[PDB]
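Next up: a single chain in structure tokens, the form deposited in one PDB entry.
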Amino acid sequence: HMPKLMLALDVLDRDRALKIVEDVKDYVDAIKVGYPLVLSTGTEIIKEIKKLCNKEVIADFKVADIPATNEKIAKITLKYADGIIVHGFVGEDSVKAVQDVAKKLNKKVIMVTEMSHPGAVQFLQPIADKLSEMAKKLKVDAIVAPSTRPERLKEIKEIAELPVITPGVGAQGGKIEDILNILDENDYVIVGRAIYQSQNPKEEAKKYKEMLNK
């Protein structure tokens, strides 16, 4: 009944990736696999990860193209993954193209709203409330909203009325204690580098999991 922990597995080597998954599996609740890993290893890594930890695996592919292309990417991705992350800024039709594929396969679609890095302020932040409204309109499964700006995370979550997965804790300077009050059992805190760059990923994953006790 606490917020959950999602590992952002952005390593570049299959062996290192599988090793980290094995090490952290008792403490992580889902694995987020992105293009840094997938372009290095191929989509086959997704099924391998899943068989190793028996947890949900989300493909963070930041899908951001026209509907026809989004549909192709979604079909390939969701053969292997349990869900897929899509950008909202490219427009409603592009999001729906991914949703249509995910609905037929019973898979999750997660939409990016405001992002966590400084550049997000330039274009994403001024329309992030409207992205949040769109996520609510489209009934996506969850949204991505930023740990680095707790006030915005709260605001975005309350507009969307959807579960969040939230990145920014650790390497990007976000701190668990500053967002813990905002999150519930249906949310995930995303942690990448703070876990995968450590000499003892098991211990760090355990530390982060226990930090989510609220």
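Rigid core (definition): largest C-alpha set, two forms, superposition within 1.5 Å. All residue numbers refer to positions in the sequence shown, first residue = 1.
51-59 and 31-39 differ in mean CA B-factor, and the higher of the two is recorded for 51-59. As the entry records it, the average C-alpha temperature factor is higher for 193-201, out of 5-13 and 193-201. The PDB entry assigns its highest CA temperature factor, among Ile46, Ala68, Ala64, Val164, to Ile46.
Per the PDB record, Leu105 has a higher Cα B-factor than any other of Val86, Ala74, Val144, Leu105.
Form deposited in another entry: not shown, discussed below.
Just a single entry of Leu52, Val38, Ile176, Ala64 exceeds or equals a 2 Å CA shift between this form and the one not shown, which is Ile176 (rigid core superposed). Closer approach of the C-alpha atoms of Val21 and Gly173, by 3 angstroms or more, is seen in the other form than in the present form.
Relative to this form, the distance between the C-alpha atoms of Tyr196 and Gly173 is reduced by at least 3 angstroms in the other form.
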